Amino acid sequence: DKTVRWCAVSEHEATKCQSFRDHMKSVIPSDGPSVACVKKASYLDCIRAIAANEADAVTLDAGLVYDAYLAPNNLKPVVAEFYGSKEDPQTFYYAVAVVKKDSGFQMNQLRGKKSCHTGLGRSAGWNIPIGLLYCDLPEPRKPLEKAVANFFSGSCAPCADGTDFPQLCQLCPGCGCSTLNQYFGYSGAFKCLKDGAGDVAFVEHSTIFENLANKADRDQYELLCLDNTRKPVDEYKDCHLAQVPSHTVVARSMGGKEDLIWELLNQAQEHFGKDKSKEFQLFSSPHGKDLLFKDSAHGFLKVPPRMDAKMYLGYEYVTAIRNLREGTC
């Protein structure tokens, strides 16, 4: 069998997955790669399913790539997203802090504000913004969750526990770990800001561009820079929190079907990648944004053989994570 079982988180990803299954099925040889769809409530359930041989592949934020390499799962990174263009591909992106024009505050004046995150554990939504703001947080700083809940005056951290940390779900009651939470992910953290529930969205550089097509509406938003100034959203290259490694597909170490994962995704990149097909798209969707793969991706690059999360992610970002887990001020 040449079937990749894809893990899709909730109703909408599940739909795009069935399209993906059907179009590949229709425009593929008798012998080529098939994909099957397994619906899960969260990225955590996908990670558990892949370790337990009940699924083969899920695409995860760089932060969640790290998380998934830890025991007893030991998921290995297999295919990387790239952004920008197919000519000069990039395997990183920019963590930006998006705010509404004329809101007043800057970064060392973020205390007491409302925060929209993509989700707990994610690079630009959590790890980067919270690590930089770590010593600004009140004591005690463990647990970290409870202490960012204390810093802001209400938050939305998708995937967090709302019993243990009610405040982290104030802007999105429940802290849903899927698109079913309307304020989950990139597009969801920007909807959280736009609706006026929050003051800052910790998102990627291309987030606003994919959620607001009109430049006149776009100019009512700006970014928070590290020198405590503000700059137009277009000038993200000189006003960003950090550069983070790209979302990756992960797979099992043993019997991971990584070769096939590549074969499927690479063929799928030629048939349905950016601007390639009017029947199906891999990096946009009728059913939502950033489903299965991010909207801002332009295709895929193969991860070198048998490389682990640790190595793929790089020392600067692995180190950035570990420092967050145990620090001092």
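Quick note: we count residues from 1 along the sequence shown, nothing fancier.
Mean CA B-factor: is it higher for 241 to 249 or for 67 to 75?
-> Higher mean C-alpha B-factor in the PDB entry: 67 to 75.
Output the stretch having the higher mean C-alpha B factor in the entry; the candidates are 94 to 102 and 254 to 262.
-> Averaging CA B-factors over each stretch, the winner is 94 to 102.
Whose CA atom has the top B-factor in the entry, of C175, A80, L226, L180?
-> Checking the PDB record, the top C-alpha B-factor among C175, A80, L226, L180 is at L226.
Member of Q281, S42, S34, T59 with the greatest C-alpha B factor (per the PDB record) = Going by the entry's C-alpha B-factors, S34 comes out highest.
Among the chain's modelled residues, which third holds the C-alpha B-factor of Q18?
-> Its C-alpha B-factor, which the entry lists for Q18, ranks in the middle third among residues of this chain.
Sorting the chain's modelled residues by C-alpha B-factor, tell me whether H12 ends up in the lowest, middle or highest third.
-> It falls in the bottom third of the chain.
Among the chain's modelled residues, which third holds the C-alpha B-factor of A160?
-> Its C-alpha B-factor, which the entry lists for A160, ranks in the middle third among residues of this chain.
Based on the entry's values, in what third of the chain does the Cα temperature factor of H287 lie: lowest, middle or highest?
-> As the PDB entry reports it, the C-alpha B-factor of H287 lands in the middle third of its chain.
What third of the chain, by the recorded C-alpha B-factor, contains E235?
-> Middle third by C-alpha B-factor.
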